[PDB]
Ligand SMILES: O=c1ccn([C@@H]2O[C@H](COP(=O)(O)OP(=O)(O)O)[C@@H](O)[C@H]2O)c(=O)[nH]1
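Only one chain comes next, encoded as structure tokens, the form solved without this ligand.
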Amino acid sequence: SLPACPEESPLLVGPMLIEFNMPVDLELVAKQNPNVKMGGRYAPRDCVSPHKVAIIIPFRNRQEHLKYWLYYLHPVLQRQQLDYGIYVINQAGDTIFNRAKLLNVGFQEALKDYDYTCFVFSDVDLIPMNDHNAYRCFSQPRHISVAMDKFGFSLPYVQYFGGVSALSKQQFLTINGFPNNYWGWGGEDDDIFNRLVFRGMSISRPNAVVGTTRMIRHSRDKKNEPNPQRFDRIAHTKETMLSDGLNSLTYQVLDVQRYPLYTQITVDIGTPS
């Protein structure tokens, strides 16, 4: 009925000029991308893709950041021939931000819609500069944002797993998902890294020139002040990953919004203990 899409897409153009100086109209990007179905869902009409990708975005109060992300990523993702979906997990409240817990919700909330097998976990302010940077999963956990402009286009350290990453459904289940006890900024990426390695997995990366990324310049946040417990928590991941994770994840779904370009799930994830 429909053939299997090739390993490599014909549509890829390589390097892309990324700008944040111009205004973006979500209504227009919608008409720019007519093939994107309500809720931010796209699947090729030309082929069947092995990459069923749920794209999770931890979110609170960065709508202007979310505009640019959708503006650049939808076209990239479509040229990558992915059977994907866009999930913006929005944290309701004014309490301390928990990136890793919102990611856990996104995994669990996307599965309700569809049989995803890959999961891209992406910050909202990270845009790829090369569409050869595959936004899908591999045999090993995939670090997608490996050459960030804020880091002089180098990996800050080789055990860094922050920014954008890709985990197959089985890779995510092997490590009991992500931690839910990291409140505030930093650490969760280091802990998640520790989970994968302790389960025998290793980090897979595109080469530097491909995994390039621009970040939307912004002032730091009061609801995400640096976590002072993180360095103490990273050192005990092996002992805590069994207790804290997908098995110990609770939340209250307040709202579910099916926008033309994205699915926004507003969630109460609680407060630090």
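Heads up: residue numbers just count along the shown sequence, starting at 1.
Q.
Tell me which stretch, 223-231 or 206-214, has the higher mean Cα B-factor listed in the entry.
A. Going by the record's values, the stretch with the higher mean is 223-231.
Q.
Tell me which stretch has the larger mean Cα B-factor in this entry, 188-196 or 109-117.
A. Looking at the record's C-alpha B-factors, the answer is 109-117.
Q) Which listed residue, 34, 50, 245, 58, has the largest C-alpha temperature factor in the record? A) Answer for 34, 50, 245, 58: 34, with the highest C-alpha B-factor.
Q: Can you work out whether the C-alpha temperature factor of residue 91 puts it in the lowest, middle or highest third of the chain?
A: Answer is highest: the recorded C-alpha B-factor places it there.
Q. Ranked by Cα temperature factor within the chain, is residue 81 in the lowest third, the middle third or the highest third?
A. As the PDB entry reports it, the C-alpha B-factor of residue 81 lands in the highest third of its chain.
If you look for the form deposited with this ligand bound, you will not find it shown, but the lines that follow are about it.
Q. How does the site look for this ligand after superposition from its pose in the bound PDB entry: open, or blocked with 3 or more ligand atoms within 2.4 Å of a backbone or C-beta atom?
A. In the bound PDB entry, this ligand occupies a site that, on this form, remains open once the ligand is superposed onto it.
Q.
Within 4.5 Å, heavy atoms only, which of 205, 41, 51, 62 is in contact with this ligand in the bound PDB entry?
A. Contact check passes for 62.
Q.
Exactly one residue in 123, 83, 131, 109 has a non-hydrogen atom within 4.5 Å of this ligand in the bound PDB entry; which is it?
A. It is 123 that has a heavy atom within 4.5 Å of the partner.
**Q.** Which of 205-213, 53-61, 243-251, 22-30 sits within 4.5 Å of this ligand in the bound PDB entry, heavy atom basis
**A.** Result of the contact check: 53-61.
Q. Wondering, does residue 97 line up within 4.5 Å of this ligand in the bound PDB entry on heavy atoms?
A. Residue 97: contacts this ligand in the bound PDB entry.
Q: Flag residue 218 as yes or no: does it have a non-hydrogen atom within 4.5 angstroms of any non-hydrogen atom of this ligand in the bound PDB entry?
A: Residue 218: contacts this ligand in the bound PDB entry.
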